[PDB]
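[1] experimental structure below, sequence on top.
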Amino acid sequence: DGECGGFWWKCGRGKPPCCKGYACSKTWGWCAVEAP
């Protein structure tokens with residue numbers, strides 16, 4: 001039961017466990033789906 005964030009949540013270098021398919025970004029300051 002890994003925790004998941006949302007579509008555009010705020011995160012550091014991947015501290016908060018985002019949802020499957022979502023990636024966090026320290027330069028951006030948030031976590032979202034890795035489309036690009």
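    Perfect, I can see it now. Residues are numbered from 1 along each chain as shown.
[2] skip the chain neighbours and tell me the closest residue to residue 14.
    The spatial neighbour of residue 14 that comes closest, neighbours along the chain excluded (Cβ to Cβ, 6 or more residues apart in numbering), is residue 24 at 4.3 Å. For every residue, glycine as well, the C-beta is placed using N, CA and C.
[3] so which helix or strand takes in that neighbour?
    Using DSSP states H and E, residue 24 sits in strand 22-25.
[4] for the residue nearest to residue 14, which residues make a bridge with it?
    When assigned by DSSP bridges, residue 24 has beta-bridge partners residue 31.
[5] how near is the residue most central in space within the chain to residue 18?
    The residue at the geometric middle of the chain, judged as the C-alpha nearest the mean C-alpha position with Cα atoms, centre = their mean, is residue 31 (2.7 Å). Look at residue 31 and residue 18: by Cβ to Cβ, to the nearest Å, they are 4 Å apart.
[6] would you confirm that the residue nearest to the centre of the chain contacts residue 17?
    No: under the criterion of Cβ atoms under 8 Å, residue 31 lies out of contact with residue 17, with a separation of 9.3 Å.
[7] common neighbours of these two, please.
    Residues touching both residue 31 and residue 17 by Cβ atoms under 8 Å, 6 or more residues apart in numbering: residue 5.
[8] please, where are all the strands along this structure?
    For the chain, applying DSSP state E gives strands covering 9-10, 22-25, 30-33.
[9] so for the second one, what gets flagged as buried?
    Looking back up the chat, that one is strand 22-25. The neighbour-count check on strand 22-25 (16 or more other Cβ atoms under 10 Å) flags 22, 24 as buried.
[10] again with stretch 9-21
    11, 18.
[11] could you dump that stretch to CSV, C-alpha only?
    This file holds the C-alpha atoms of stretch 9-21, laid out as CSV (Å, rounded to 0.1, in the frame of the first residue of the first chain):
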residue,chain,number,x,y,z
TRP,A,9,1.7,18.1,-6.0
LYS,A,10,4.7,19.8,-4.4
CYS,A,11,7.8,17.6,-3.6
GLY,A,12,11.6,18.0,-3.1
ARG,A,13,14.0,15.4,-4.6
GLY,A,14,11.2,12.7,-4.4
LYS,A,15,10.4,12.8,-0.7
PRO,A,16,6.7,12.3,-0.9
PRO,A,17,5.7,9.0,-2.5
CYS,A,18,3.9,10.0,-5.8
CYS,A,19,1.4,7.7,-7.5
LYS,A,20,2.5,5.0,-10.0
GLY,A,21,3.5,6.8,-13.3
